[PDB]
Amino acid sequence: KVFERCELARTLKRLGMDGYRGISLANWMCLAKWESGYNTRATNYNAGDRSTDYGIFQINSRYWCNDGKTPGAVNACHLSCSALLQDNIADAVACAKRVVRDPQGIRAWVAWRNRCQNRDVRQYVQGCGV
């Protein structure tokens, strides 16, 4: 499923993402925008290290979810990577919350540093009623 901007904003707020571990809703939106374009089916294979990024937040298979074909997999979210490709983003959100519980927080995603950090991210939630 490809979410409409405000539809996703309201969904994430209901799932308790606003202010989770100090991260504003606009930051989560900025992350989803640049990682997958709000697409739950997005998948990116990293030929360099044999890992794959899954879903709307592009969660990696080496540390977070299990896909069975990634060497040195940890599976910290205790989820099959298949769960991160559903239209229902509940599992993806639960795993994203786990990612930010680590020291790096939202900085765990390089795209956030490049496209969201120190920027005016209000545009991502403007007019959504959140």
# chains A, B, ... in the order shown; residues from 1 in each chain; ligands from 1

$ closest_atom_pairs --of "region 19-59 of chain A" --to "region 103-120 of chain A" --cutoff "8 Å" --atoms "only C-alpha atoms" --output "JSON lines"
{"residue": "A:21", "atom": "CA", "partner": "A:105", "partner_atom": "CA", "distance": 7.7}
{"residue": "A:23", "atom": "CA", "partner": "A:106", "partner_atom": "CA", "distance": 7.5}
{"residue": "A:27", "atom": "CA", "partner": "A:116", "partner_atom": "CA", "distance": 6.9}
{"residue": "A:30", "atom": "CA", "partner": "A:116", "partner_atom": "CA", "distance": 6.2}
{"residue": "A:31", "atom": "CA", "partner": "A:112", "partner_atom": "CA", "distance": 5.6}
{"residue": "A:34", "atom": "CA", "partner": "A:111", "partner_atom": "CA", "distance": 6.7}
{"residue": "A:35", "atom": "CA", "partner": "A:111", "partner_atom": "CA", "distance": 6.9}

$ write_last_selection --atoms "N, CA and C atoms" --output "compact mmCIF listing (two decimals), in the first residue's frame"
# COMPACT_ATOMS: atom_id res chain seq x y z
N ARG A 21 10.29 8.29 22.41
CA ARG A 21 11.73 8.42 22.65
C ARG A 21 12.24 9.79 22.19
N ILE A 23 11.12 11.62 19.68
CA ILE A 23 11.03 11.84 18.23
C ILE A 23 9.65 12.33 17.81
N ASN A 27 9.23 14.03 12.23
CA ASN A 27 10.49 13.34 11.96
C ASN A 27 10.24 11.93 11.43
N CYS A 30 9.13 12.34 7.83
CA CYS A 30 10.26 12.66 6.98
C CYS A 30 11.04 11.37 6.68
N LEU A 31 11.22 10.53 7.70
CA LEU A 31 11.92 9.26 7.54
C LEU A 31 11.21 8.35 6.54
N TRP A 34 11.47 9.60 2.73
CA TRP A 34 12.74 9.35 2.06
C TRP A 34 13.19 7.91 1.98
N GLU A 35 12.71 7.08 2.90
CA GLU A 35 13.08 5.67 2.90
C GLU A 35 12.30 4.86 1.87

$ closest_residue --among "A:65, A:94, A:125, A:89" --to "residue 33 (chain A)" --atoms "only C-alpha atoms"
A:125

$ closest_residue --among "A:11, A:40, A:80, A:24" --to "residue 67 (chain A)" --atoms "only C-alpha atoms"
A:80

$ atom_distance --atom1 "CA of residue 93 (chain A)" --atom2 "CA of residue 49 (chain A)"
24.9 Å

$ closest_residue --among "A:12, A:56, A:121, A:130" --to "residue 85 (chain A)" --atoms "only C-alpha atoms"
A:56

$ select_by_dssp --residues "region 35-68 of chain A" --states "strand (DSSP E or B)" --output "ChimeraX atom specification"
/A:39,43-46,51-54,59-60,66

$ closest_residue --among "A:87, A:128, A:95, A:102" --to "residue 61 (chain A)" --atoms "only C-alpha atoms"
A:95

$ closest_residue --among "A:26, A:73, A:8, A:2" --to "residue 126 (chain A)" --atoms "only C-alpha atoms"
A:26

$ closest_residue --among "A:41, A:122, A:101, A:78" --to "residue 3 (chain A)" --atoms "only C-alpha atoms"
A:41

$ residues_around --residues "residue 54 (chain A)" --least-positions-apart "6" --cutoff "7 Å" --atoms "only C-alpha atoms" --output "PyMOL selection string"
chain A and resi 42-44+60+81+84-85

$ residues_around --residues "residue 25 (chain A)" --least-positions-apart "3" --cutoff "8 Å" --atoms "only C-alpha atoms" --output "VMD selection string"
chain A and resid 9 12 to 13 17 to 19 28 to 29 125

$ atom_distance --atom1 "CA of residue 58 (chain A)" --atom2 "CA of residue 32 (chain A)"
8.2 Å
